[PDB]
Amino acid sequence: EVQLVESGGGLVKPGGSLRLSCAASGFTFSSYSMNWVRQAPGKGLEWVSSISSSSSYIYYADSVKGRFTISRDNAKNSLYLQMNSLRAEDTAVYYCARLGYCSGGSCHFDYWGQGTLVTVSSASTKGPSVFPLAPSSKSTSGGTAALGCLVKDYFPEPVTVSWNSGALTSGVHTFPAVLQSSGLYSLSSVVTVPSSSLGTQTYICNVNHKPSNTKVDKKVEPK
Amino acid sequence: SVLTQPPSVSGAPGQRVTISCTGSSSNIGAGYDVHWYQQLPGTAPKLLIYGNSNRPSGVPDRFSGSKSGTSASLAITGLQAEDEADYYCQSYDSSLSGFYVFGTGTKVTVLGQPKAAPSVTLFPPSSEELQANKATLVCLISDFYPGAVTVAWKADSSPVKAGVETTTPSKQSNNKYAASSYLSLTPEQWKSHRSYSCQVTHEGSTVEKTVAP
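Residues numbered from 1 in each chain as written, not as in the entry; some residues may be left out. Chains lettered and ligands numbered in written order. Heavy atoms only, no water.

As recorded in the entry header, the structure was determined using X-ray crystallography to a resolution of 1.7000 Å.

Looking at the PDB entry, one finds chain B named IGL@ protein and attributed to Homo sapiens. Per the PDB header, the title for this entry is "Crystal Structure of Infant Antibody ADI-19425". Listed under Subunit (unreviewed entry) in UniProt, the entry text for chain B is "Immunoglobulins are composed of two identical heavy chains and two identical light chains; disulfide-linked." (UniProt positions renumbered as here; feature names shortened; annotations may be inferred.)

Where the PDB entry is consulted, chain A appears under the name Epididymis luminal protein 214, with the organism given as Homo sapiens.

Asker: I tried to follow the interface of chain B and chain A on my own but got confused; where do I start?
Answerer: For interface size, the figure often reported is the accessible area lost on association. Across the boundary between the two partners, chain B contributes 43 residues, which contact 47 residues of chain A. Here chain B meets chain A over a buried area of about 3,500 Å², counting both sides, of which 62% is carbon and sulfur. If you sort the residues of chain B by the area they bury against chain A, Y100(B), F102(B) and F123(B) come out on top, with a joint share of 19%. Along the contact surface separating chain B from chain A lie 1 salt bridge. With a shortest N-O distance of 2.6 Å, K218(A) and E128(B) are connected by a salt bridge. The interface formed by chain B and chain A holds 14 residue pairs in polar contact in total. (Contact = heavy atoms within 4.5 Å. Buried area = accessible area lost by both parts, 1.4 Å probe. Salt bridge = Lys/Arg side-chain N within 4 Å of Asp/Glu carboxyl O. Polar contact = N/O pair within 3.5 Å; in protein donor to acceptor, adjacent residues only side chain to side chain.)

Asker: Which parts of the structure should I look at to understand the layout of surface pockets?
Answerer: If a probe the size of a water molecule is rolled over the atoms, the empty space left behind becomes visible. In this structure, the second largest pocket occupies an estimated 550 Å³ of space. Lining the second largest pocket are 25 residues, with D110(A), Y111(A), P45(B), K46(B) and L47(B) sitting closest to its centre. At the level of elements, β1 (3–7) and β10 (109–112) of chain A together with β4 (46–49) of chain B are the ones that each hand at least two residues to the lining of the second largest pocket. Residues that form the lining of the second largest pocket fall into these classes: 13 nonpolar, 6 polar and 6 charged. (1 Å grid on protein atoms, 1.4 Å probe; cavity = no way out; pocket = protein on both sides within 12 Å on 5 of 7 lines; lining within 4 Å. Points joined across faces, edges and corners; volume = space filled by probe spheres on them. Helix = DSSP H or I, 4+ residues; strand = E, 2+ residues; numbered from the N terminus. Nonpolar A, V, L, I, M, F, W, Y, C, P; charged D, E, K, R; others polar.)

Asker: Any chance you could explain the sheet that holds strand β18 (residues 205–211) of chain B here in plain terms?
Answerer: Whenever strands of a sheet pair, they do so through backbone hydrogen bonds, lying parallel or antiparallel. Residue and element names in this part refer to chain B. Pairing in this open sheet of 4 strands is antiparallel, and the strands run β13-β12-β17-β18 from one edge to the other. A single partner strand is all that each edge strand has here, and the edge strands are β13 (158–160) and β18. Each neighbouring strand pair of the sheet contributes to a mean axis angle of 30 degrees, computed without reference to strand direction. The pairing of strand β12 (residues 150–155) with strand β17 (residues 196–202) spans 6 bridges and is antiparallel. Note on β17: the bridge partner recorded for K154 is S197. (Pairing = 2+ DSSP bridges. Axes fitted to C-alpha atoms, helices over the stretch in contact; angles between N-to-C directions.)

As structure tokens, then:
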């Protein structure tokens, strides 16, 4: 049967390099165009690069052009992707894919490998920047308002958020962080409180980022 | 650009469901066929439909595809748990000297609980952040099922895809799903537009919240 087996992924820092390989078997490798397609965590498929059966024609997606180089060795039945100047946004599973035959209309990818994981991440610690999300009643139930704290651009996980030093727990929703294309994390913590309390009760979010030994207490006031 | 697919398509066992794939005159409408891939959880994509409507060997005839104009469609009859997967349409686009273009993907779910529509809270940039020469809009999405949404940002009425960071959905403690999306702007951009919007699409729901300086 047709088999495509990728290797060469790993964990690298921004600016680093990796060479991916795809070992093909079970078909005449030199008779088919070959492709790389990648998938960022939780995202969809993105075509990366293609190479024709005897390397006559090579194409790249704009997102990788000038940094990635595709090649093949038909004697070794191998496809390669040399990845230079890697960025955090290049993090993805990279799939080797064969282009099928078609009489026209641009062809399909008829066989896919198992993928190799590429993770591009700086290990440098980054403390968070914390901003208040001033109360708004627009999206809440009657007589209540939502306020919160935005915890921006930290690394690595995790951070903890409490409200009023742990005295306020009811109606708190701290959202899971987003891993941004910069390689840093951001999250938000929102709490719904009575509108009548906004002029009287103080609301403070307590943010602790132990990896950076950073602690921030942010008062969230009506605007 | 990409092909637009619904984030979530769902039904009861045995139901027939359909997945739309919306392109433009630069891809599906430019003479190019549409192909479909099935990605079971944790697996590589596998060819499901090629050349608009052809089934490879091993793909049940419960799956069928069609193309019409600038759109395509995948139909699944007799839905069962083994069909739960992400489905991607794919074509070719003639812009930017040519590229293979994928759909945004559709999660197919056999309903284990009734559908729940998302709630959306949108925060504007804080005055504090603007003083730090930055601007982030915060779109918080909660209490939806199945666990797949599309988030789209707009400046005034025009789509904005630069500077967007959106999470994959998380499962809340109440077993519905949540997600968040962040739009990064310069303070000048925030001040110069009439408004910005966060639009959340989920099954038969579209919710659009809008904030202004």
